[PDB]
Amino acid sequence: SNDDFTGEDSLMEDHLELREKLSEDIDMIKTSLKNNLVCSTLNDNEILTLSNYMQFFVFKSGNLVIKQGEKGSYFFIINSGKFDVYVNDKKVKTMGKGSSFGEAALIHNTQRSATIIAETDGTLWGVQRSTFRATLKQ
Ligand SMILES: Nc1nc2c(ncn2[C@@H]2O[C@@H]3COP(=O)(O)O[C@H]3[C@H]2O)c(=O)[nH]1
């Protein structure tokens, strides 16, 4: 019970903003999914399904998105802003709009392998693990 509201589902819920997707949002989600090295083999219907279940998440500078060693619950596409990747406390890259992340824990069914921080204010499209894994499990 002490652990019920710790974890990605609780954290991301706190960053959710209800939003109608605009044409440019749909377009960018589709191109970004064609660009993830796990989703590059998805067909257009699989992409459309993922896109339908994407939600909008808003972050301020220095907010944590993913923490290395935790259970993963989401796959993300960067919509705006800059997100840094840290592997064992060393920053390995900075990602911007169109990049995606969070697939590895979900595919391998393992802990998050890096920490991702909003370096600037930024926004993400995120889909829950259930939909993501189901789309790949075929
Ligand atoms: N481990 C690792 N993850 C990275 C790297 N660059 C981007 N990532 C992403 O950071 C994510 C952290 O959560 P996941 O392990 O689910 O998936 C990881 C990748 O999508 C990298 O160089 N190493």
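Each number in the entry's author numbering comes from the position in the sequence shown (counting from 1) with 20 added on.
Cβ coordinates follow ideal geometry from the N, Cα and C atoms, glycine included.
| Asked | Found |
| --- | --- |
| Residue 55 versus residue 38 - alpha carbon distance | 25 Å |
| Residue 115 - DSSP class collapsed to helix/strand/coil | strand |
| C-alpha distance - residue 113 paired with residue 104, whole-angstrom precision | 6 Å |
| Residue 131 beta carbon less than 8 Å from that of residue 101 | no |
| Sufficient close CB pairs (3 or more, under 8 Å) joining the region 70–89 to the region 27–44 | yes |
| Terminal residues of the beta strand (DSSP E) in which residue 95 lies | 94–100 |
| Beta-carbon proximity list for residue 117, same chain, < 7 Å, skipping 5 on both sides | 98, 99 and 100 |
| Spatial distance of residue 57 from residue 140 (CA atoms) | 25 Å |
| Alpha-carbon to alpha-carbon, residue 151 and residue 110 | 31 Å |
| Closest by C-alpha distance to residue 143, when choosing among 124, 127, 107 and 115 | 115 |
| Residue closest to residue 68, alpha-carbon to alpha-carbon, out of 84, 87, 96 and 47 | 47 |
| Coil, strand or helix - residue 135 by DSSP | strand |
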